[PDB]
């Protein structure tokens, strides 16, 4: 079985085994010059390959080759079996013009760093099942992968260089996934790095952090799904322009999308908020409009949040108190917008039409106090509401508004529009509650 070898140096082509495991140890694989840097091949016809040490070029983890010379590593596992696993238990770094090709059933890596390199090719096109990667750092990288699980994608930019980027150059199918995408800050004013996909049917991303002067172009991926978080990499102070492009984009259940003037979003197909939340950032008294090229779906449920005693909002506007008054802030524009309640499988059927149900899930906050609708379960909620809309006697004498307890009170004067073409908000000022004022609704009550 196992052929174990501490270290394989080349000096200024092919090591083929046939064994159920080729294990390379801590010495790793060292490639050389233009005499024997120009390609190195490590194969196992029959079994697996495990590398427990780094790839070196001219004796350095750094590496580095000329434009007229590439250093190419090739690992081919299970060549004659199609059941080979190639596992690299050491982080790998590839310097400039250093390429890596792996053929296998399964290819597993810790880190792959091409951040200090340039014109690196990761050729996984002969991987027939799955590539799993812990940490992938790209800059000028041709990532020729079909089916992958990448835990962390770190996309760097290329200084003031032009026409260099992270290229997903194979069709990615419908099964791949990236747990975290982190766009790094690029060079100011330019977009000298970022992600381009050749094509695919569906990509799942759990958390996606964008940064200015970098981009993620997934126009050629029919559908992208964000399962958890889509936000700035510096949410306390987002800045500049990050360019995010999609065909269809879906925000999954309880996922949170932060959307501002700093996140230039192109959505050429459809946008679906499937029971998630879009937080719109106000800068300059204004919001960014989420422009949808084709159809939008706002999907919601009837869960009452334990944290609030009301429906979770699909849209949140914090620092709404800063909104310019007397003007329409258009939040979403699509060719056609649908509204759907997913949990209508409860209570009987509502009398409230879908647009109006949706407007209950459209929230405005005054510094993290809800101001569009006051959810009152007790005296302390009266104060908070008093605080939200700036009514001093609600704060000072809450037992004066005892009539609000058990009730959702609508602050009209924030006016909301949710029709088949847009969602928008028009702010005039704050109303005040009346004993017999109406604008009130009995709170939901789950278990």
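Positions refer to the first chain, counted from 1.
Where coordinates are absent for parts of the deposited sequence, a chain break appears; between neighbours residue 12 and residue 13 it spans 10 or more residues. In this entry, the higher average B-factor at the C-alpha atoms falls on 345-353, of the pair 148-156 and 345-353. Of the two stretches examined, 387-395 and 47-55, the record assigns the greater average C-alpha temperature factor to 387-395. Residue 170 sits in the middle third of its chain by CA B factor, as recorded in the PDB entry.
Remark: residue 276 belongs to the lowest third of its chain, ranked by C-alpha B-factor as recorded. When the CA B factors of the chain's modelled residues are split into thirds, the value for residue 189 lands in the lowest one. Among all modelled residues in its chain, residue 428 ranks in the highest third by Cα B-factor.
For residue 329, the recorded CA temperature factor ranks within the middle third of the chain's modelled residues.
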